[PDB]
Each structure stands twice: as C-alpha cells, then as structure tokens.
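Peer 1: Below you'll find the structure I mean.
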Amino acid sequence: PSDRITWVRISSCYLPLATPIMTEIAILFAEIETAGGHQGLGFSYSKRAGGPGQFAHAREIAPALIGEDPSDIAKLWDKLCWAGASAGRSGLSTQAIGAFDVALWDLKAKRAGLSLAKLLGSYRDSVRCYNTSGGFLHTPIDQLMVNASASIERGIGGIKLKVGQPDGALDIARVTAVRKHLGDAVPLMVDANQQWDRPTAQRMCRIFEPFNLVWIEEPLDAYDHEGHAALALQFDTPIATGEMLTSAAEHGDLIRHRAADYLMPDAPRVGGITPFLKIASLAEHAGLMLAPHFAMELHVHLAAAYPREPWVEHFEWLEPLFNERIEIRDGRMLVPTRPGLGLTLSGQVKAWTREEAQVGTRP
Amino acid sequence: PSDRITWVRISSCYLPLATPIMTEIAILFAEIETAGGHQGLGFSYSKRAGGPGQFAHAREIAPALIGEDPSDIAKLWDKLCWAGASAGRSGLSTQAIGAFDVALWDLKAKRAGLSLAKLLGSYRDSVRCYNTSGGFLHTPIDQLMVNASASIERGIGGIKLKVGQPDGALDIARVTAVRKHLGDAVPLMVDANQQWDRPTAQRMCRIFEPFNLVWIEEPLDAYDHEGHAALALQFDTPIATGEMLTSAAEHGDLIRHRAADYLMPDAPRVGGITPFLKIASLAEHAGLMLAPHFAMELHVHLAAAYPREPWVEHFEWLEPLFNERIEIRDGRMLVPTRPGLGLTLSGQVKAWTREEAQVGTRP
Amino acid sequence: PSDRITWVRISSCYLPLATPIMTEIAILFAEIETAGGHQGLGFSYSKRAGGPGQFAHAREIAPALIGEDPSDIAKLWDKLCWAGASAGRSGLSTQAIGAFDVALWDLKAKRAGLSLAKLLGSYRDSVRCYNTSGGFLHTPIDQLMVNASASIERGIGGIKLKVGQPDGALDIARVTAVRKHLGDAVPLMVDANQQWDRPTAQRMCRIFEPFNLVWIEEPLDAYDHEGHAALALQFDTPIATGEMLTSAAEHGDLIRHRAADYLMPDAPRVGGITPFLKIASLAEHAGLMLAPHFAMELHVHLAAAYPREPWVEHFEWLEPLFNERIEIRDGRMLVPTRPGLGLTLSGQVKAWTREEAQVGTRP
Amino acid sequence: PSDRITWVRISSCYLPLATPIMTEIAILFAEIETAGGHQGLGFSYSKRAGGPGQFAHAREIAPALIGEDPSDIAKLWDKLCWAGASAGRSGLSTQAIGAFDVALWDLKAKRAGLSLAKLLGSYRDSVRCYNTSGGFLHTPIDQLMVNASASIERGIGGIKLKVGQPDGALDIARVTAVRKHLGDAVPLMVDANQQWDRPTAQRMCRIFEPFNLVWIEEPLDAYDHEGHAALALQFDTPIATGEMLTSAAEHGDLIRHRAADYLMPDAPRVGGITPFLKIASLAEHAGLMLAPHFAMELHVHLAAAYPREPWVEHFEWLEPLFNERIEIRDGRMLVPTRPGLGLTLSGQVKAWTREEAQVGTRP
Amino acid sequence: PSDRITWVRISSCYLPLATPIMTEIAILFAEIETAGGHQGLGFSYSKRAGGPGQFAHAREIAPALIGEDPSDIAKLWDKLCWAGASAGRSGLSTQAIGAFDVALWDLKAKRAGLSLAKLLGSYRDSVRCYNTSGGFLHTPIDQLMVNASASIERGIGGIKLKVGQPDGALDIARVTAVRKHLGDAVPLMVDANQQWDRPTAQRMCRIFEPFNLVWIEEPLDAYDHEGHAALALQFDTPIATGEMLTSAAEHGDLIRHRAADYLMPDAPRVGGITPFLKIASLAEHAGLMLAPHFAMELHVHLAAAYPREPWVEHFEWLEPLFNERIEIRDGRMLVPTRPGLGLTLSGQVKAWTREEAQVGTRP
Ligand SMILES: [Ca+2]
Ligand SMILES: [Ca+2]
Ligand SMILES: [Ca+2]
Ligand SMILES: [Ca+2]
Ligand SMILES: [Ca+2]
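Protein chains in written order, with the deposited numbering: chain B, 11 to 31, 44 to 385; chain A, 11 to 31, 44 to 385; chain B', 11 to 31, 44 to 385; chain A', 11 to 31, 44 to 385; chain B'', 11 to 31, 44 to 385. A prime marks a further copy of an entry chain.
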C-alpha cells in the first residue's frame, strides 16, 4: 500500500453555545495516523439528538481502519459502510464514517503539501460569504439592522434573514426594514426553516419576488421535492434547499425533481467529503448553483472547487474548537492556504470532551 | 389524552448465534408503560456494526416519550425523529425509534385485547412460510438435502437456497440437486445476496428460468434499482429485493422503478411498524407481492394484514429471547392469537444484556 | 376469531332539512353486534336519488357479515364487494358497504376504549373548521355578512362562500363585500360547485388571486382532472376538489393528475373509512392537504389522523340524528374524546325511518 | 498559488507500428515544469489524421499555462478551452488540452508521492485484462488459436476477437473455433468495429447469445445510441461502446439512452483525465461497468479508481515510447506503484519526433 | 463520376481587425478545381486559438479529395471525417472539412449557373438584417446612439446591443437610452454573451420584457440547455442561442430541449453547409426561427433558403478578404445573384497569408 493506518482516536466533544438557539452542539472528532507518520483530522456533528449515537458507532467500526491504505478513501468509506450494512447508507452511521472520511482527505492533502482546495483543484481563492449577523425571529429589527450593518462593514458579502413565523406580515415588514437600511446593493436572502405549507409558501414567495432576494431557503418540508420544484418553476427568486438531507441518494432525488436552484449539501451530514463530491458532481451536471451549509471551515475548501460561483455562510460558532480562523474581505471568505483542512484542535476541546476512544498503536 | 407514558426502559441485548455465519446479533429492546397500567414491548436490531449506536440514540431520545399519549403513534414517531433531525429519516436513529414504535403498537393492540394482526385487520389466519433448513453456500449438498426434506416433513412450505458464489456452475448443480431430491411440488427460491454484477445476474437468471423458482432474491446490489427493474422486465421468475433498505423513501424509489415483484421490507430495519405500513400501502397500490424479511415474530402479524398472499421466512435464531413460539403446519405459520405481538422477554435476555437505561417512574 | 358478528340492523332514515337547498337527505344506518357483546354504528347517505338503492343493496348483502370476525375490516369490505361483484367497486353498492365499514371501525375503537381518532392515532386534538353561515347564492349579502360575523363570534375559523352564478361580477361583488366586512384576518374560501367551464374558471381564478382565498372549490366538472391540474399549475390560490368522487380509484386518478392542492374525500361517499384511509395515504405521499367533505361527525376523527393541518366544515344538518354534538372553539373543532365515533341514534331517527331490516340473533 | 508553471514543452512523436493494420500513430507529448521544481508528463494521440492539428493547437495555447497554479487542473482545462472557444469542447482542440491535463495530474500525483491510482483513490491493486493476441480478421484461425493460448499462458485474462466481416458465417466459425480451443473457462469478447447495420447486428447478437461472451463491442455506428440501446434491452450479452466518442457530453448522451452495459471512454480522446472523471462519475451513477479503451499505461490507473470491476486491454504498441512496463499475472494487470503515471520518455522518442516547441524558462 | 477533383489549395489567412475586440481572425481558405475545369472557394475560421490547428488538419486530409467526384458532397464530408475518425465529428477537424465543404457547394452552384441560394432554392430575394453599429459595452451611449441612427439611415433593419456587464442597471439604462433615441419602431435585440448565471438571467429577462426586444441572445452558458429552455418557457421575449455550438449533434440537443426560439447555427463553425442544412432541417421541423451567426457572405444564401423569415447580422469585418460586397436596402440584405457564393479572394489575402499548401495538378 501507499501507507497504512496504525492509530485512530475518536472524541465526542460538546460545544456550548454562547446563546441558546439549542444550547450545545455535539462534535465527533476523528484523528488518524499512519506508519508513515502522516496524520489527519476530521469531524461530524449533531444538532440536538445524535452525538452519543455517532460516537458509539464510530468506536465500533474504527478498528476496521487499522492496517488499511489511507489513500483509498472511497474504498474505505465503502468498507466502513459494509461493516455496518444493516444501518444503511445515511444517518448516524454514515455521519460517523464521515468524520473518518474527512480525516483521510485532510491526510492526503497534507501528504501533497496542499490545502484541501488545491488537492481537489480550485476555481477561486476566495468565496462569496454571508451571515445572519446574529439575527433570529425574536431579534428586534432595530438591533438586527445595526448588527447587519456592522457585518457588512467588516467584510460580509450578504445577509440571511430568518423568516417563517405565523404572522407573515411581520417577516415582510422586517425584511422591508432591513432592505431599506442596508440598501438595494447589499445581497439579501431569507430562510423559512420549513415553516410554510405549500399554500403559504406560494403566497410568501409571490410577495418576496420584488425584493430580488438571492434566494428563499427551505420554504417547505425538506422532503417535499415536488413542492419545491413547483415553487422554482413558478418564481424568479431562486429556491435553496438540501441542508437537511443526509445522503447522496436524497440529493439525487431532489436534483431529479429540479427542486433547487441552489443546492445546500452539508458534508458532515451526508457522510463526509466523499459523498459530498458525488453530490457536487450531480449538481454540476444539472447546471445548479452550490451553497454548502454549516461548517465553513470545511466547506470553504469544497466550495472553492465548484465550477460556478458558490456562497458559503460565515458562521463563527465552531471557532473555539480550533486554533485557526477564517478571514473575510470585501464580501468574500478567503480559502485557507495551509495544508489539508488547516485545522488543529484547541486546548478547549479537552475540557468539552465527554467520550473518547482509540485503537491501534500511535506512531 | 387517551393515556400517558410514564416509564420507558431500553436494553441492548447481544444474542449469541449457535452457528457463526458473524457470531451474534445486537437486539435493542424497548419497554413502555403508562399511567393507565398499559405496557408494550418492541425491538430493533443490528447485524454487525450498529448495536451500540442504536442504544445510545434510543437512550438520548427516550425522555421525549414521557408524558405523551401512547395512542398517537405516528405523531410520536415524528416527534422522536424531529428530536434528532440532523440524523435524518433513516438508519440508526430511526431504527432506534422503531423499537419504541413497535412497543407502542404492541401496547395499543393489547389495549383492545387483540393480536397485532387483528388490530390492523387480517386477511388470513396463517401465512405461507419457507426456510433455508440451515443451509449456506458451504453446506454440503447431501446434508442440505436431508435437512430440507426434514423441514418439509415438519411443515415448512418452501426452501430458500443460498447462491451467488464465483462458480455459478456449482449453484446450478446444488439447486438441481435440491430440486431432484425434494421434487417439483416443493416451492424453491434462491438468494444471491447482492453477489452478481448485471452481466452475471443476467446469465444466471436466464439459466434459472426453467426451474420455476418462487423468486430470485437480491441478484444485484440492493441499490441498483434500474438493474433490478431490467431483470424483472426480462424474466418470468419473480425478482425479490428490499431487505437491505432502511426507509419508506428508499422502498418508494424501488417501487417507482418497478424493481421488485416481491418487496421485502424489514420492519425493524425501516423504523418500525409505522413506516412499514406506509411501505405496505405503496406496495399494495403498485400491485406487488409481499415477503417481509427477518423477525417472523413481528412480520407474521404484518404479513397477515396484507391483501395478497405473502411469504414469511421461518427462522429460529431469535427464539431464545422470548417465552413464546411460532407454530407451523401444512406449509404455513400460524398467526399468534394472543394480545399484541404476543412476546415477553425470556430469562436469558438479562444475561445477554450489555447496556440498559430507563427514564420516568414505573406505575 | 377475535369475535364474531351475530346481528346486523340496517335502517333507511330520511332527514328533513329545515330549509330547502334538496328538501331531505337519505341516511343509511348500520348497526352491528357480536357474540362478545360489542357494538358498532355507522352510516352512509344519498343527497337526491340513491337512498332506496343503498338500503336495498345493504339488506341483500348484510347476511354475509354474520359469523365473521369483526376485526378483519378490510377483508370484510372485500367480501361484501365480491358478494356484489357485478355492481363494481364504487357507487351505491360500496356506499352501502361503507355503512357497515364505519360500524366495524366504531366497534373496534370502542373495543380499545379509544375514540376513532385515537385508535387510528392522531396528530391534533382539534381541527381547523369553517362554515357557510347558512349562505347560498340567493342569500342577500347583507344577511350573509351578519351571519358570517356571528359564526366567527361563536368560534368558526373560516367562511366558505357559494359562487358560480352566470353573472360573475356578482360573485366578485359579494366576495368583496364579505371580505371588507369580516376583515383580511378571517380565512375565506369559495365553492363554484362545478359551474364554470375552463375559460370561465380561468378568468374567475385570475380575478380571485388578489383575494388570497384559502381555496377555490370545484371550479370545474368533478371529472375534468386535466382542467383542474391546469388551474392549479397556473394560480397561487389552492384548488380544492374530490367531494363528488366515489372510490379510491377516482381519487387516485385525480392525484395522478396533480389536480388538487386540497383533496376533499367523503368517507361515506367513497365506501367508508377503509377506502378513505387508502385515499388519505395516497394524498399524504403526494404531499397534498386534506379537507374532508360533509359528515363532520366522522371526518373530524379522520382529519385528526392526517399528518398535515386539515380543514373540516362545520355542518349542522345531521345533528338531529344523534344525541351527541361537536364543539367549536377559537376557530377549531374539538375532536370528540368518547369511544369510537361517539355517536348514538336520537329518538327522532325512528320517526324518520322509512325502511329497515335485520338479520341474525341479537346478543 | 500552490505553485507556478514556468516551462512547457510539446512534442509530436510518430510511433511506427511493427505491423500495419495504418502504419503509425501520432503521439502528442506534453511536459510541464514549475518554479517549485515539480514536473509532469502527459499525452494524447491520433490514429490516422489528427496529429498535425493537435500539435499546432497545443503549440498555440501552451503559453496560456505559464504562470498558472498547476494544482487548479479543472480550472486550467477550462481556461485552455476558452482560449480556443470557437473550436468547441471536443475534438482536436480538447485532445490537445488533454495532453496538458494528463501532465498536470501526473505532476499532482508525484507531488504527493503517490501513483495516479492512489491519488484518485483505488478499489483494487490489479485490473482484469484481455488482449487480441495480435489477431485480426485476416489472421488465420489456427494461428490466432495458438497466439491466444499463448497469451493465456502468459497471464492474460481474456481474448477479444475481431468480427464484422461481410460473411457472418465466417466470424461465427472463427469464434466457435477459438472457444473450442481455449475452453469455456477463458473469457471471450468480440469487436464488430461499427461494421453492422441494425438488421445485421440484430441477427449476429442473436447467434452469439449462447456463446456467453463478456461483451459485443461496437456492433453499430458509434453514434447510433437508439440502436445500441435497443440491442442492450433485447440481449443478455453486454453491449460495449464509446471508444469513438470525444467528449463528456457525447458519453452523457450514450448514457442517457442506456446504450451501453460497458462504457468505453478513452481518456486522451475525450480531453484527458479531467473529462474522463466526469464521464466515470456519470457511468458510476447510472450503474454501468467500465472498460476504458487504448492507452493502458494511463487507463490502468483510472480503472483502478472505478467502484465496480473494470476490464482493461493489454496491448503492446506504445511500449517503445516509455522506459517502464506494465506487469500482468493471473489474468490481471498490476497497477503501477511508482509516483504519478509512472512513465518517462524512452530514447527512441527523440528519433521519432517530427515537431516540437516550448515556452517559458525551464527551472 | 460527374467530374473529378484534381487540385486543392488551402491557405491560412490572418485578417487584422481595424479595432481590437481579439485583434485578428484566422481564416482558412480552400480552393478546389476539377478535371472538368470547375472551381470552388470555401472557408472556415477561428476567433482566438484554432487557426494553426485547422490549417494543419486541412493540409493532412486534403489529399483524400483528389480523384473524387465533387458532386457527392455529403459522401466526401463523411470520407474526410473518417480520414480523421479519432478526431471526432466536431471541433477543429470538421471545421477544416467545412472549408472544403463550402468550396464544393460553391462549385456545384456555379456548375448550374446559379447563386448558392437558388441552387438550394430560396424563399426570398432579400433577408432582414441588423447590426451593432460598432457598439460594445465600453462604447459611450452617446456615440452608440448616433452610430445606430446612421446605420438605420443607410438601410439596417435592426440594432443588436451588447449587454452582460456586472452592473445590470447600466445595461438597462443603455438600452433604455437607445430605445428612446431610435424609437419603438426600430427592432432591438441584446446579446449577453453568456455573462449571466441562471438567477441573474432570470432577473434581467424579467426587466427586459416590456422592451419588446426581438430577442435576448446567449443569456447563459452556451451549453446550459435546460437553463435556456426554462427562460424560453417563462418569458415572452424570444431566446436566441447556438452560435457557440460546433456540430449538428449539439444543435440537436439544444432543439430537443426547446432551448431556443431563434437558433443561431454558424455554418463554418459546425462543419460547413452540409451539416448546417441538417441543422436547418431539424429547426424547421421543430418550428423554430433562424438567425445564422457570423459570415453574412455565406449565411445570406443559407438564410434565403429557410422557410420562415430569418435575420442575418450585417457584419463588415470580412469584406477586405473579398472583391465582392453585400448591399442593404430598406432594412434588408440583398441575396447576391452571382453564381455560387459569389466570392473571389482580394489581392490583400496574399499579404495576410501565413501558411499555405496544395496538392494535385491544377487544370
Ligand atoms: Ca425559477
Ligand atoms: Ca417479470
Ligand atoms: Ca398552484
Ligand atoms: Ca441486456
Ligand atoms: Ca417564450
């Protein structure tokens, strides 16, 4: 083999959130080291229930990696999946596999002395970014307006507003208020978080049309593909969805329905970089736009490798976990130039680790 | 509410197999009790990796059941799924949910003093059954021949032979040998266990055509829907598949492709009775036949409720876990008449339990 | 068996209407009792011609229920259908079967000490409701306006206005008048009762778009599925139809055409709860909304069991037939908590019964 | 940038064939070197007219590579294509681009100290191989028989026989003769080289069915997708095609028609490794088998990276151009383990070079 | 044969542009003469990279024309294509073939003493024309406004404006300015040159709707057929595309998608008149409009032969190459009446020729 895995360590780290949304996020870290002295770091996560399950499964299948050639990433993804075949090809088991998968990609990239973006091959050195500016449905427009202004001032390229509350007139007012404040030149998008039924989504999308939003995210249930397809066919405003999906197959179904103008795959959630690339390949062929969701630390690299100009969300919740940081400038997020994912665990991770296990002999 | 859940207990029981094939099966038991004194028992399982993950997730979401009306089964399935939304609608998380789901159905049936089959409404009091007679690819033909003949004399209604070895001539020989021994009056089916590629499956199905087998099971990868549909369109022999799928959505895709003459949903594997019923409704409408896989203790009830004559496999591995037994006669297994699933945990379960947890106050 | 039917009584009851619409409605009541002392009550109906036919058929097939296990509801639906096979799977014969079907469901629910909603499993304890406030095309807007206001005051959650008269400008005026009176906050829907041809429906739907109605009901002939599908594709306003259909097959065709945003199945009209559930399963899978038509006494239970928020019409014409009543509060209809359908025949039913028959020996 | 391209050299080398079939093959070699001291070698080719055109275009666009980051392979493929946009996305211009593309991949692999197969990630360390044993339509049966048997004793895993001559009876005779000589255990395939019209292909495939050939290659015109799809739907024997196609788009069309059981993309012919990977992704998703055509020195690496067991032709014509060799044993060719493609130009290349050019300053 | 080719001369002529756009255009001229004394002139071209490749290939395959019957044009197109089969059916090789193809058509037309338009059969003696009036995105509206006015004054029938710059508000302003200047009676069209992504194209097309433009050209990537089809389905304004395509197959795909209201095939770019006619036949059958791109000297003849009123661009860049000129009158371009294409090489061609070759003996 090109090398061989000799040690693996998994940790279940509970990241406390500065502000309740959801008071914490369970992060599954996977560390892999080889006889050749190469090392990789990867992770998966669970918002709400899922952390314990991901860790337990990861611990059970980890031994299957020992002795294997780390360069055969897809092959190993398949081997770990087969090791837990009755668990399926999506959900907790493949998310656990994803932590290992990301680590192997990190390791291969470092082996070449290249950032993950350069190993895959990039199309740009910076990616369009946007943020919520710490805005929620319960955030007084006044505060959200001043926070969004600050974000723009520090380099954010767009603002995503939370909508989808029983009183639709409220959202329209809030959005109207933000648009008047920032100006027509600031890109604006909304996220309904699956709060609308088909009739309501139909009416709200109609109202938002004049706003020229970048996109309307998750207007319906994440699984209502025909519903999303119907909205995309009817309205000029792009429809964005997919962040809730957990496998290449689900994204394939969404794509088959032409249910999204902007596909929002979540690498950790779908099983890692390996399945994410298969999804990106399908989206590319279908001529769609890409807007990866969550984990910017990983997605900035994946987005950089997509043919068409993508959008990545500037999200700072995971920063305390790492020693590195992402920098933003003139509406764009810079793609890190360091080898691999360019991440190392902060000293704070230890204090937040509730479970851990390892197998093999460390080099 | 009709009632209120007050106590829940989950157990991870490792069933040792008298004959390695894999030397054990992880069973997740869920016990539910209410303020009204009602009780239910359900379970899910994992062959190979999966047991630890299912238990861990079940333990984390169990508290969400306390205080809820046990009669709103589908509603609670959704609540538990939402409680772990980032985990998706299939795989380990929904299988954990399935243990609770089965228990709720068991409890509702008992509440009406009806077997699960009668609660759902049955079409028959006994179901066609078949077995492998402890035969595997490595079992010497002559042994499998006397074993099969023995199963027939005990009342089994059919024999499923394992095939799919590199030397197709061998399988053809073994099947020919079995057919000549038992006679043309004994129903025969084969299981290739996803071992054939499209070209090989094409040639083997061609050869088996004259045999008039009941079905050819899993000739291709469980996810090659187009491949299976092509075989079903070409050959007279029914194609059976679906045992590997873990969600209603995956079965829906298989059904959309018309990839199976006999659909083989596995209740515990797809998330319980609730999603299984949705799958059965889709199969019924599509005019397909049903042959549920594994867990006869549960599937005999579900099969009894299907409009068209189904087939259920009679296999003994799980018996040690329960105090009750399935009866077979004249080629069919009798649908139990006791309330609910008609199962209670044996004293052996305790000794095989490696993990357990409970929440709430037992009535 | 779980039990066995020993007595059956059918009655043809003619319900006189307080105000001509249609001066009466023929109701077919079915009573079923078992050796175990269990009892069930169900019914079907005919607006205009149909009462005599339903009763005659019910009387002829009733004997087929004696001795049968009441828990095998679907099986018995099929047996009664086969008993009159040349009559088909829809229309008068299956509507007669439906009376028996509803009774069997009522009996099974009572057996478990659960309301019908809880036996099926509910998603809500109350359902959105609406009414016409005794409004017809010939009702002076002035009166309809004050009546609608009263309905809202007593808890009704929406108002359905009758439209579809030769003078379209009239309907627009009437609707404009009602909207201005009640305010934009009161949900409003219209019912054209199949009075428009494709061109007219096209023009009227266009005009109603700004109104933001909950739905436009039966704009075209109940059987013009392509016509309805075209309207739904073109307009934001939901299209509602299906109330005239009499079988799962017809609803399946409507669904295949994507001819309705809100499907309006009528349990009694399609053959009872058994076929209604098959229809609801198809609508659920297609991602549609549900708005059962007529018989709120039965549909409130069925609606409660649907995944997505349905709408049920508050209709008081059938009240004199029963001793129980439905209560409405804050725009919602409360789902009864009593066992089964929660209905018993009033003493007035006897005086209105024109035909009756029974078979078997009462327990 | 990760690095920077500083020098590029292109050579048009005419490979003389020891045996006319066409007496030579024009090979376009591309050498790329960077400021960081990294180097890559790639190539494209033309059988018959094409060599001069490929070189001329390569020379004209080569300057566009100077100063660029060699790691952004896909990006540069697009830049060179845009540099000659009026030339399209297929044919001579993209084949010229492919020589550079292969060199960039070779360079990236070497950068990581990995073979091309390991950089991409492999599923196997050896690939099934087959050869023609120097047999053509004019080769006397008995000679081809001893030649084939010889290839088998040296380790070849299969024999491809050339067919498609006006006298079909002859082919059938020759194939029958070969089959009887080698035995039923030696895999056999035939290549009709687009010689049959639909009617003839239909009859010949019918006759070959009993033979159980691995595949029937190019039975019809390379562009008759409907024709090929019809044959594949009708016959058990796999249909193989695609070797003549020159772009991802053409392969996509073939795949859309389901016109091939075995897709035969030719990396150099379609524009290099970059477009080849896109084609492989499409074939993988469609559930097809892979059998890359020509250039085993390159395809052995690409085939190793495909999920399902592929077939690669072992043919010796290009060996004189390189200092390295492919090893075969037990019916499979070993995937080279050296860095990158594992190829270096032999001293003979210089003598066969008719044209060459370079740009930039060599490090 | 009807005659036989005895001499062929190819020249690579670099046409310098009066103003940078692109400072020159490579033109490939092909001259063919027969034993019968007949002669033909044709050409192909490359904007940016492509000239050297086209010439090199043309030189290599030219010998294949000697001795052949010039009247069998399609047959010879196929023979030359086969002569370079590994080069494919599009791109540089077929463009080289196209130069010869045009010459053969010119020769056949002259043989009959008919213009090319009359040989094919025409529907009109003049064709609607339009121009850019030397306008580019960087041209100050003031100048573009006065230039467009002059064009109209000298007989041009329409104005095409360049759009597709980052600042969409700019294009709208420029177009608004031009429309106000020339008046609503002057046909206006825009060309976005593939500068918009789907979302942007969607928004810009919406804005342009009120303008009643003749068409919106290349709003998206030339290969995004689904994208173009979606725009055409949604908007009243015709979508025009196809100028970038290089083969009948690509145009066929575009047509299959109903991706264009106005198809813009480029004869030289797709391989000559032979493939252009196949494309025109497909467009005619699909009921589309035709707007050939570039080379008016050739397209005026081809456009004249199309059933529906086409549009041809008045483009003067190629004039210096020929001794003849096209005349425009009352918004239409007159179809030349001279034999064949009606073109002869100017004395300036010699000075601009960088490469040339000939084969055979001149008559
Ligand atoms: Ca859209
Ligand atoms: Ca079949
Ligand atoms: Ca609609
Ligand atoms: Ca086939
Ligand atoms: Ca249009």
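Using N, Cα and C, we set each Cβ at its ideal position, and we do this for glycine too.
At a CB distance below 9 angstroms, what residues from the stretch 310-333 of chain B' approach chain B? Give them in sequence order.
Peer 2: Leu310, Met311, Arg330, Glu331
Peer 1: Can you name the residues that DSSP bridges to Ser66 of chain B''?
Peer 2: B'':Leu50
Peer 1: Under 9 angstroms between C-beta atoms, does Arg280 of chain B make it to chain B''?
Peer 2: Chain B'' contact via Cβ: present.
Peer 1: At least one CB of chain B closer than 9 angstroms to the CB of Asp246 of chain B'': is that the case?
Peer 2: yes
Peer 1: Within the same chain, show all residues whose beta-carbon is closer than 7 angstroms to that of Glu248 of chain B'', passing over the 5 residues directly before and after it, in chain order.
Peer 2: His279
Peer 1: With hydrogens ignored, establish whether the beta-carbon of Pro241 of chain B' is closer than 8 angstroms to any heavy atom of ligand 3.
Peer 2: For ligand 3, not one heavy atom lies less than 8 angstroms from the Cβ of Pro241 of chain B'.
Peer 1: Listing by chain order, which chain B residues have their CB less than 8 angstroms from the CB of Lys69 of chain A?
Peer 2: Going along chain B in sequence order, the residues near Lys69 of chain A (Cβ under 8 angstroms) are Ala107, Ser108.
Peer 1: Anything in the stretch 257-272 of chain B' with a Cβ closer than 7 angstroms to a Cβ of chain B? List those residues in chain order, please.
Peer 2: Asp258, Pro260
Peer 1: Give a yes or no on whether the minimum CB-CB distance between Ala134 of chain A and chain B' is below 9 angstroms.
Peer 2: yes
Peer 1: Below 6 angstroms CB to CB, which residues in the same chain sit around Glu265 of chain B' once its five sequence neighbours on both sides are set aside?
Peer 2: Only residues of its own chain outside the window of five on either side were considered, and among them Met286, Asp288, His315 have a CB closer than 6 angstroms to the CB of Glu265 of chain B', listed in chain order.
Peer 1: Do we get a CB-CB distance below 9 angstroms when we pair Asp164 of chain A' with the residues of chain A?
Peer 2: no
Peer 1: Does the Cβ of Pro232 of chain B' lie closer than 8 angstroms to at least one heavy atom of ligand 3?
Peer 2: no
Peer 1: Please identify the residue among B'':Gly205, B'':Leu192, B'':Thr29, B'':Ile181 whose C-alpha is closest to the C-alpha of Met211 of chain B''.
Peer 2: For the residues B'':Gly205, B'':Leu192, B'':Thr29, B'':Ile181, the minimum Cα distance to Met211 of chain B'' belongs to B'':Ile181.
Peer 1: State buried or exposed for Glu335 of chain B', treating a residue as buried only when at least 16 other CB atoms are found within 10 Å of its CB.
Peer 2: buried
Peer 1: Tell me which residues share the same chain as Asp275 of chain B'' and place their Cβ nearer than 8 angstroms to its Cβ, disregarding the 5 neighbours each side in the sequence.
Peer 2: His247
Peer 1: Please confirm if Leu210 of chain B has its CB atom under 9 angstroms from at least one CB of chain B''.
Peer 2: Cβ-Cβ to chain B'' under 9 angstroms: no for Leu210 of chain B.
Peer 1: Measuring only the C-alpha atoms, how far is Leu183 of chain B' from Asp258 of chain B?
Peer 2: 33 angstroms
Peer 1: By the three-class DSSP mapping on this structure, what secondary structure does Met226 of chain B'' have?
Peer 2: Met226 of chain B'' falls in the helix class under three-state DSSP.
Peer 1: What residues of chain A' sit near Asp219 of chain A, judged by a beta carbon separation below 8 angstroms?
Peer 2: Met311, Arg330, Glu331
Peer 1: Identify, in the order they occur along the chain, each residue of the same chain with its Cβ nearer than 7 angstroms to the Cβ of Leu242 of chain B'', setting aside the five sequence neighbours on each side.
Peer 2: These residues qualify, in order along the chain: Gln216, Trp218, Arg220, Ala223, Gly249, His250.
Peer 1: Compute the beta-carbon to beta-carbon distance between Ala305 of chain A' and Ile277 of chain A', rounded to the nearest angstrom, for a pair I have assumed lies under 8 angstroms.
Peer 2: About 6 angstroms separates the two Cβ atoms, so the contact holds.
Peer 1: When every heavy atom of ligand 3 is checked, does at least one fall within less than 8 angstroms of the C-beta of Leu235 of chain A?
Peer 2: no
Peer 1: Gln165 of chain B': buried (16+ other C-beta within 10 angstroms of its C-beta) or exposed?
Peer 2: exposed
Peer 1: Assuming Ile119 of chain A' and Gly293 of chain A' form a contact by the criterion Cβ under 8 angstroms, report the distance between their Cβ atoms to the nearest whole angstrom.
Peer 2: The pair is a contact, with the Cβ atoms about 6 angstroms apart (cut-off 8 angstroms).
Peer 1: Does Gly75 of chain A have its Cβ less than 9 angstroms from a Cβ in chain B?
Peer 2: Yes, contact with chain B.
Peer 1: With distances taken Cα to Cα, identify the nearest neighbour of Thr154 of chain A among A:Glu55, A:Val185, A:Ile301, A:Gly369.
Peer 2: A:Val185
Peer 1: Counting only beta-carbon atoms, is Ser303 of chain A nearer than 9 angstroms to chain B?
Peer 2: no
Peer 1: Over what stretch of residues does the alpha helix (DSSP H) that includes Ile83 of chain B' continue unbroken?
Peer 2: 73-83
Peer 1: Near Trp237 of chain B', which residues of its chain fall below 6 angstroms by C-beta distance, leaving aside the five closest residues on each side in sequence?
Peer 2: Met211, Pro260, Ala262, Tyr284
Peer 1: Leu129 of chain B'': which of B'':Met44, B'':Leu63, B'':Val208, B'':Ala252 sits nearest, CA to CA?
Peer 2: It is B'':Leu63 whose Cα lies nearest to the Cα of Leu129 of chain B''.
Peer 1: Would you mind reading off the limits of the alpha helix (DSSP H) that contains residue 39 of chain B?
Peer 2: The structure shown gives no position for residue 39 of chain B: in chain B, residue numbering passes from 31 to 44 with nothing in between.
Peer 1: Quick one: measure Cβ to Cβ for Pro92 of chain A and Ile54 of chain A, integer angstroms, because I've assumed they're closer than 8 angstroms.
Peer 2: Between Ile54 of chain A and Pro92 of chain A the Cβ distance is about 7 angstroms, and since that is below 8 angstroms, they are a contact.
Peer 1: Within the present structure, is the beta-carbon of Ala254 of chain B'' separated from the nearest heavy atom of ligand 6 by less than 8 angstroms?
Peer 2: Among the ligands present in this structure, namely ligand 1, ligand 2, ligand 3, ligand 4 and ligand 5, ligand 6 is not found.
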